[PDB]
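Listed below, chain by chain, are the residues.
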Amino acid sequence: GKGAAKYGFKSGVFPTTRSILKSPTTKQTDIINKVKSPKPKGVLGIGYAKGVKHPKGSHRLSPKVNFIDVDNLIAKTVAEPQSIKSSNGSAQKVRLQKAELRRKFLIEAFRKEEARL
Amino acid sequence: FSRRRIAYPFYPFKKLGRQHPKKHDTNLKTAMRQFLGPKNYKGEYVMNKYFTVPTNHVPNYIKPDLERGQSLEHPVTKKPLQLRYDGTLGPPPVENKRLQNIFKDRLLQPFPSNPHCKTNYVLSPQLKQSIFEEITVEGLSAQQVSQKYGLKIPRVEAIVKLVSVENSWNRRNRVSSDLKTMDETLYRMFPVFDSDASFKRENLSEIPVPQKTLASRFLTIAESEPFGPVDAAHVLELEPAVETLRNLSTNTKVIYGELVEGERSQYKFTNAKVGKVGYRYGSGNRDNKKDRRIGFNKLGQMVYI
Amino acid sequence: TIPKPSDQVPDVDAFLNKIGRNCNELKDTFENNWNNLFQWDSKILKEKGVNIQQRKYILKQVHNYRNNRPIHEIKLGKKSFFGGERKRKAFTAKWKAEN
Amino acid sequence: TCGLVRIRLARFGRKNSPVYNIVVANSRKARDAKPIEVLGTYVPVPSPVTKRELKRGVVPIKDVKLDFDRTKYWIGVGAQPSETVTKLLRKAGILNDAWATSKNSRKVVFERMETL
Amino acid sequence: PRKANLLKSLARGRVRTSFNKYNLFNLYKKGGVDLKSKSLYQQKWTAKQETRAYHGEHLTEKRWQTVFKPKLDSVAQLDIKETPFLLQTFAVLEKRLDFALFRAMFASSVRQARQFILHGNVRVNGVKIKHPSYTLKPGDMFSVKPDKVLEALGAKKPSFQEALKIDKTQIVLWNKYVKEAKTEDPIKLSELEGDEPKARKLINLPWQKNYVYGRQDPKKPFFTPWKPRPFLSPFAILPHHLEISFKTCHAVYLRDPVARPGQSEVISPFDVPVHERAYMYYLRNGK
Amino acid sequence: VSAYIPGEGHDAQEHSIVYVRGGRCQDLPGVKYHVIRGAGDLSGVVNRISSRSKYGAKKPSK
Amino acid sequence: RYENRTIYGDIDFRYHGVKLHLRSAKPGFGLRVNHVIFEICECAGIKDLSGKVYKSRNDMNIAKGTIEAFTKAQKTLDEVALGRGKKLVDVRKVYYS
RNA sequence: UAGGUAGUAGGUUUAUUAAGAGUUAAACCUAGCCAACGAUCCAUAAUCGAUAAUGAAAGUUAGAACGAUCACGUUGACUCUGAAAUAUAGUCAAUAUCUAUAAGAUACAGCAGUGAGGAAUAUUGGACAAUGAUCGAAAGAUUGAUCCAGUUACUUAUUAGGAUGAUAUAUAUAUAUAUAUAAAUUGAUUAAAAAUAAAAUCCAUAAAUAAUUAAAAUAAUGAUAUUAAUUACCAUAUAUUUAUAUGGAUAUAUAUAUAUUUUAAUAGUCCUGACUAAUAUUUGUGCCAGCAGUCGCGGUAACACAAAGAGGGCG
Ligand SMILES: [Mg+2]
Ligand SMILES: [Mg+2]
Ligand SMILES: [Mg+2]
Ligand SMILES: [Mg+2]
Ligand SMILES: [Mg+2]
Ligand SMILES: [Mg+2]
Ligand SMILES: [Mg+2]
Ligand SMILES: [Mg+2]
Ligand SMILES: [Mg+2]
Ligand SMILES: [Mg+2]
Ligand SMILES: [Mg+2]
Ligand SMILES: [Mg+2]
Ligand SMILES: [Mg+2]
Ligand SMILES: [Mg+2]
Ligand SMILES: [Mg+2]
Ligand SMILES: [Mg+2]
Ligand SMILES: [Mg+2]
Ligand SMILES: [Mg+2]
Ligand SMILES: [Mg+2]
Ligand SMILES: [Mg+2]
Ligand SMILES: [Mg+2]
Ligand SMILES: [Mg+2]
Ligand SMILES: [Mg+2]
Ligand SMILES: [Mg+2]
Ligand SMILES: [Mg+2]
Ligand SMILES: [Mg+2]
Ligand SMILES: [Mg+2]
Ligand SMILES: [Mg+2]
């Protein structure tokens, strides 16, 4: 109870809210600019200095940040059906409806997230 | 140094001296009898000042310090009496100047030992009615009414609430004769609220005191540099006192479920942000502790929260 | 709402026989009244003095009949001839030794 | 139900007085264990109506505070709801008639609507 | 709760929340509470004794301690006398339903009020409550059944035999008076055992036409034409935090009682030093 | 352990079942224990009226 | 005494053995000090006081030390203002609580 | 426990791996690495929180309960499948019981329960109705997870009755009613009380007895369950929960005039020399018997032992 005052007197914990987009998007321009700007050197430097070598097996730089094209992601995860009009039977129709609903929701969620950030 | 002190009267009374072996009487009991005076065939202690109820708008509160414990008055004439060497009562030889000269404040002081506790005044029914009319028919704001009369806004609202209830009762014919008589007796007991008397009017600038104000601060400003209430509020990081007084004086997506003929209840879905909605995991079980939380239902049932 | 008795099971007794799980020996606690069986609920059955499991089963089969789903004795789950998953290894070995 | 990720009710509160915690969880993890994401609550005991209210003809309500957008997202990524949860969602108006099983399948009195 | 036992003894001059005759006498003959010639602890103990006897004698000590709030409340007038902060020690109990009912004078005592609400007579915002530990919010009405209020504030309804005996004496006195008037309607109680209508028929004085002294409406739970309680005056202290209407017996709880520059709204029969000592005690649980 | 035995009368042999608690007999040195008296072969102290639970004594029951 | 109820500043004073520490107090917060200090405050009109005695707690020396601290360790705001040549406002008073 | 370390510290390569690395295996070099800011070695211990305790707080304590993490499922090693296992699987060995006596089977740290150990910790319960889980296309099957009840003052909470109440007779539009005889418990003879305490009196309410009807769950399914709750002779029909009018229920006088189930109350335990709240006193013992957290008390006047009276806490 004593340590709950750090977290606004909240006894018990929730699980961490799980990011819908798990990397920065392409539309987040400022982040991209920050990433691509010249990395500093000297006292508060990041990488390796130009003259200095790096360990044989290891990479010199850090790996590049995979920026999500959101439209591309949507297309891949949630492809619209190519065979557009093939639909008979009740169970099949139900499945199709379910698929459509899932497409709608995940599309909306991603787009909203992109806008929201 | 504390003993067990039997609570005898501070005032003087006729103690026991000797008495017939069988009677087994106590000095406290004797003192109580004396205070009461003689009891009727009916049961009434008539000679006691405080037996009958005042019909004066002047509350008959207790003054044991002033009359020196001698409570007995003659019922018809309200003139004081004592217990003489004989068992019969009679008038006192010396008159009490303390009872004759008494203050305004102490007449509205129910307990002798606590000066701070005073009785609140009673509103006259006509005044209450006028207030009710003002709020409903004339359509005035409660603050204006409060300013006019000298009541507080919550008090005014309470009065209004009570008036409408009284009216409804009258319409239904629930206000019985015995109830009316009781109301009249209560009215007679208490002093009346005068809207003109400035000392009787309620102080309408009472804000409640916050935590930040109580903790004292001091500032060394230059000798000439001015520093008003606003500046003080700014230093403390509050809104000004006047603004708070003024304030005192003065969305979310909800769905409802479809209701089919057979089903017995709706489903109200309110929106809520994730990370703020649920019952938390590993919260403190407070049920076996004495700081356990006990709430109440819509039906007045006691429920563990 | 009362339903009609069908050709295959026109009687209460016939219905009981169909549903099974020892629903026979229950013709005395309620007599052969078609309306009676169907309108009756759980509390009434309990008062009469039937079992909990039997009560549950009958009501379910009544409901199925009302909805015109095929009622039949779907038997309760049975352990294997050898034994329950846990006890098999030993039991099977014992059985082998015997035979 | 099927799946690895599943939207279900985790039980909370005391004996003879349940409240439910709508979560998304792993199928393997326990019923009342800490989940992936709590989406909402659900008290099954309906709000008790007054005698006058009953006479008038006003139905009780079951309160279900719920993150709609999150739930939708979880449905989209393919987290199968439980039998009770899916019914609740259908009642709300997230899920369609498509999810309604044969047992569930009666004139409607009151229609759904969003309010504020 | 803590059982009622010797609440209104005289050898312990404990001033309880009641309108009892013995309680009144105790109040009368106490004077102050003497805190002279005592250690600090002894003073604190004597404060506890007196102050808790009035404020929540039914409450258990541990329970009280749990409910007891350190953070007292007050109001700045922003327009002089010194505010009595520490009279607020038992402000938290006025929030209770039972105490509020007592303050309203819908009960003779706090115990009685408690009993009333257990029996399901009080209401608060319509719904009837059977729970004394219920706490009013500001704006909440509460409403006792008017008969019970009348019983609380009315006289004790006499037994039939007692009433008949009282009547007999009154009749004799009347006869004596008429004899005295002449100079310058009998009843036999042994025969008339328990026939109330017969008694009514027999009796005819100027001040009661038929009804016996104590029974005009025997079915009602109080004295005859309703009159007040035998010592009602010295305890009729009209509170600030409640708005009352005695016709319907409704009452709006409008405020949590609070201390002003002049006064406190916690109605108590004890001076501020006593209340300070009590506060001191209950901060530390008598450490 | 050297255990004290309180009360007027003690029923204790050379083999009796006895329960020990952590008091201290202050005048006797090197004995830092009390036999708790209601339980075991140690019987409750007889004709005890005051402070009965401190010894074994049951309520006399009129 | 500040506002006719408590000391001005948080004083910390040594009288022989006894080390005194007396903090000022917000109004309503009572006397929360050693029994001797409390007794002296009751007589001297101090309503609000926090504090704690370190080292010796010799009753007599507490009584002597605390009155010395009151008379000597305290400086009134007005005196301080006069000495320094500055305004020394009390913010709470200005606010009107 | 003061020196420890020799795959040890680092370099170069090859295998193995999804993948880094003296992680293993192999090969060849350099002489390192850690340490008195505590190495190596030994002992003890599952770890933790927005959990529990305590404090003014910094902190300290617990790690039962709620939750998160680890490890183990009698002991040790290895193997297989697999994304992931030294798997509660299999293999072999170790310990100890079973028969069926066999390149057997079992291992309650799953739920009940038993014996033991111990100061000390529960039912060989009911139900899958709910919430989950596995199988199944479905029908619905299983579920000692779970939900319910049982035992246990271990903890918390709510109730566990209010108002009036110091005598008994007899006599005789007012009202201080007044006399007379009798009685009156333990103390005590006055500030020595016990005692408004009892008993009485007025008023309910619980429980009971009848009637009714939820909710947990609906498509249907209710273990809990003589369910919670409500009404008091039931229903409908007006108004604003109360009030009145109808319909029928009922029973005596002579269809319609007064009624309408019943009804209580019950607390221990510690203490009264000071610290420590407890002044009404008295008896027994006589440095004994005994008391005692601490200082102490008991040698005939014991406020301290053992009791009666009275009192003070908590309940
Ligand atoms: Mg499946
Ligand atoms: Mg003792
Ligand atoms: Mg005892
Ligand atoms: Mg190594
Ligand atoms: Mg090597
Ligand atoms: Mg390598
Ligand atoms: Mg070491
Ligand atoms: Mg261990
Ligand atoms: Mg720790
Ligand atoms: Mg744990
Ligand atoms: Mg630890
Ligand atoms: Mg455990
Ligand atoms: Mg293992
Ligand atoms: Mg192992
Ligand atoms: Mg077991
Ligand atoms: Mg084992
Ligand atoms: Mg044993
Ligand atoms: Mg235990
Ligand atoms: Mg199940
Ligand atoms: Mg089972
Ligand atoms: Mg308790
Ligand atoms: Mg005697
Ligand atoms: Mg009942
Ligand atoms: Mg003392
Ligand atoms: Mg003696
Ligand atoms: Mg002692
Ligand atoms: Mg003694
Ligand atoms: Mg005694």
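Residue labels used throughout are counted from 1 along each chain in written sequence order rather than taken from the entry, whose numbering may differ, and residues without coordinates are not included. Lettering for chains starts from A, numbering for ligands starts from 1, and both go in the order in which the items are written. Each value listed here was derived from the chains shown, which are themselves a piece of a larger assembly. With hydrogens and water excluded, all non-hydrogen atoms of the structure serve as input to the side-chain values.

cryo-EM is the method the PDB entry lists for this structure, together with a resolution of 3.75 Å.

S.K.: It is not clear to me how the overall build of chain G should be interpreted in this structure. Could you clarify?
M.R.: Secondary structure follows DSSP: runs of H or I at least 4 residues long count as helices, runs of E at least 2 residues long count as strands, and numbering of each begins at the N terminus. For chain G, the helix and strand inventory stands at four helices and five strands. The helix and strand sequence of chain G, counted from the amino end, reads β-β-β-α-β-α-α-β-α. For chain G, with 97 residues in total, the buried portion stands at 48%. Residues count as neighbours in contact if any of their non-hydrogen atoms are within 4.5 Å of one another. Once local pairs closer than 6 in sequence are excluded, the contacts in chain G between residues at least 24 apart make up 56%. Element-wise, carbon and sulfur atoms account for 50% of the exposed surface of chain G, whose accessible area totals about 5100 Å². When the 19 positive and 11 negative side-chain charges of chain G are each reduced to one mean point, those points stand 5 Å apart. The classification of residues rests on relative accessible area computed with a 1.4 Å probe and restricted to protein chains. Under 20% of the type maximum is buried, over 50% is exposed, and intermediate values are partly exposed. To measure how exposed things are, a 1.4 Å probe is used in the Shrake-Rupley method; for residues, cover is taken only from the protein chains shown. For the purpose of charge, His is not counted, nor are the chain termini; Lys and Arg are scored as positive and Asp and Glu as negative. By convention, the charge on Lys lies at NZ, on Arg at CZ, on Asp at CG and on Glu at CD.

S.K.: Please explain the interface of chain E and chain B as it appears in this structure.
M.R.: How big an interface is tends to be expressed through the accessible area that disappears when the partners come together. Taken together, the contact pairs 86 residues of chain E with 85 residues of chain B. For the pair chain E and chain B, the summed buried surface comes to about 7400 Å²; carbon and sulfur atoms form 64% of the total. As a working definition, buried area equals the accessible area (1.4 Å probe) given up by two parts on being put together, with both sides summed. When residues of chain E are sorted by the area they lose upon contact with chain B, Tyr 28, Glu 243 and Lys 247 of chain E head the list and together hold 12% of the total. Salt bridge criterion: a side-chain nitrogen from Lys or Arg within 4 Å of a carboxyl oxygen from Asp or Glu. Inspection of the chain E/chain B interface yields five salt bridges. Put simply, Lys 220 of chain E and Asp 178 of chain B hold a salt bridge, and the shortest N to O gap is 2.9 Å. Among the elements of the structure, α1 (21-30), α2 (40-54), α3 (61-67), β1 (75-76), α6 (146-153), α7 (160-183), β3 (242-245) and β4 (250-253) of chain E are those that each provide at least two residues to the side of chain E that touches chain B.

S.K.: Explain the packing of aromatic side chains here, please?
M.R.: The geometry of an aromatic ring pair is captured by the separation of the ring centres together with the interplanar angle, meaning the angle of the planes. Here a pair means two rings of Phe, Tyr or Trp (six-membered ring of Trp) with centres within 6.5 Å. Their orientation is stacked below 30 degrees between planes, edge-to-face above 60, and tilted elsewhere. Overall, the coordinates contain 43 aromatic pairs over all chains when judged by the stated rule. Between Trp 45 of chain E and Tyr 281 of chain E, the aromatic rings sit 6.2 Å apart at their centres with planes inclined by 70°, giving edge-to-face as the arrangement. Feature note: the residues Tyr 41, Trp 45, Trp 64, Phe 68, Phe 90, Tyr 279, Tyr 281 and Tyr 282 of chain E constitute an aromatic cluster, connected by ring pairs. Its end group placed over the ring of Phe 199 of chain B, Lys 104 of chain B keeps NZ or CZ at 5.8 Å from the ring centre. Across from the ring centre of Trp 169 of chain B, 3.8 Å away, lies the NZ or CZ of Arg 174 of chain B, which sits over that ring. Here, a charge over a ring means that NZ of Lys or CZ of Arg falls within 6 Å of the ring centre while also lying within 35 degrees of the ring normal.

S.K.: Please explain the pattern of salt bridges as it appears in this structure.
M.R.: Side chains bearing opposite charge may pair, as long as their charged atoms lie close to each other. Applying the stated criterion across every chain, the model contains 44 salt bridges over all chains. The closest approach of N and O atoms between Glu 37 of chain D and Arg 70 of chain D, which form a salt bridge, is 2.7 Å. Here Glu 37 of chain D is found in strand β3 (residues 37-42), whereas its partner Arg 70 of chain D is found in helix α2 (residues 68-77), with 33 residues between them in sequence. Residue class for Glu 37 of chain D comes out buried when judged on its relative accessible area of 1%. A relative accessible area of 11% means that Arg 70 of chain D is categorised as buried. With its nearest N and O atoms 2.7 Å apart, the salt bridge here joins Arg 5 of chain G to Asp 48 of chain G. Separated by 43 residues along the polypeptide, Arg 5 of chain G in the segment before β1 (11-14) and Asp 48 of chain G in the loop between α1 (35-44) and β4 (49-51) bring together distant segments of the chain. Comparing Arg 5 of chain G with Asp 48 of chain G, the two get one shared label, buried. One connected set of salt bridges, linked through shared partners, spans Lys 152 and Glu 206 of chain B together with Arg 255, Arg 260 and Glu 265 of chain E.

S.K.: What's the story with the interface of chain G and chain E in this structure? I'm lost.
M.R.: The partner chain E presents twelve residues to the twelve residues of chain G that form the contact. Interface area for chain G against chain E, summed over the two sides, is near 980 Å², with a carbon-plus-sulfur share of 58%. It is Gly 28, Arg 32 and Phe 38 of chain G in chain G that bury the most area against chain E; as a group they hold 38% of the surface buried on that side. Our count for the chain G to chain E interface comes out at two salt bridges. Salt-bridge contacts for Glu 82 of chain E lead to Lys 47 of chain G; the nearest nitrogen and oxygen are separated by 3.7 Å. In the analysis that follows, any N or O atom pair within 3.5 Å is treated as a polar contact, provided that within protein one partner can donate a hydrogen and the other can accept it, and provided that, for residues neighboring in sequence, both atoms belong to side chains. Seen at the junction of chain G and chain E, the total is one residue pair in polar contact. Breaking the side of chain G that touches chain E down by element, the ones donating at least two residues are β3 (31-32) and α1 of chain G. Of all the elements, α1 of chain G adds the most residues to the side of chain G that touches chain E, at four residues.

S.K.: Hey, could you run me through unusual backbone geometry in this one?
M.R.: Only a minority of non-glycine residues have a phi that is not negative, and only a minority of peptide bonds are not trans. Residue and element names in this part refer to chain E. Positioned with a positive phi, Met 105 is a non-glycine residue whose angle comes to about 75°. Within the secondary structure layout, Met 105 lies in the loop between α4 (97-104) and α5 (110-118). A relative accessible area of 2% places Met 105 in the buried class. One non-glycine residue, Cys 249, lies in positive phi territory at about 65°. Here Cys 249 is to be found in the loop between β3 and β4. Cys 249 gets classed as buried once you look at its relative accessible area, which sits at 0%.

S.K.: Honestly, the nonpolar core in this entry has me stumped. Any pointers?
M.R.: As used in this record, nonpolar core signifies buried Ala, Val, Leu, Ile, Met, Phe, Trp, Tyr and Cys residues forming a set joined through side-chain atoms within 4.5 Å. In terms of nonpolar packing, the biggest core is built from 91 residues, with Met 182 and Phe 190 of chain B together with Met 105, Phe 106, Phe 142, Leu 153 and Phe 246 of chain E touching the most fellow members. In terms of residue count, the dominant contributor to this core is α4 of chain E (six residues). If you look at the next biggest cluster of nonpolar residues, it comprises 36 residues, including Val 78 and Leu 106 of chain A together with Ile 22 and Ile 94 of chain D.

S.K.: Teacher, can you tell me more about the sheet that holds β3 of chain D here?
M.R.: Residues and elements named next belong to chain D. For two strands to count as paired, DSSP must find a minimum of two bridges between them. Taken together, the four strands give an open sheet; going across it, the order is β3-β2-β1-β5, and neighbouring strands pair in mixed fashion. On the outer flanks of this sheet lie β3 and β5 (80-81), each paired with one strand and no other. Of the pairings in the sheet, the one linking strand β2 (residues 17-26) to β3 comprises five bridges and is antiparallel in character. Considered in β3, the bridge of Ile 22 is made with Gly 40.

S.K.: I keep staring at the arrangement of the chains and nothing clicks. Help me out?
M.R.: When the seven pairs of chains in contact are ranked by number of contacts, first place goes to chains B and E. Taking C-alpha atoms only, the smallest gap left between chain A and chain F, which are not in contact, amounts to 34 Å. A gap remains between chain A and chain G, with no contact made and the closest C-alpha atoms lying 24 Å from each other.

S.K.: In this structure, what is going on with the pairing of strand β2 (residues 140-143) of chain E? I would like to understand it.
M.R.: In regular strands, side chains alternate between the two faces of the sheet. Residues and elements named next belong to chain E. Alternating residues of β2 divide into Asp 140 and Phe 142 and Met 141 and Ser 143, and every residue in both groups is buried. Judged from the four bridges that link them, β2 and β4 form a sheet pairing that is antiparallel. Bridging from a neighbouring strand, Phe 142 pairs with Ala 251 of β4.

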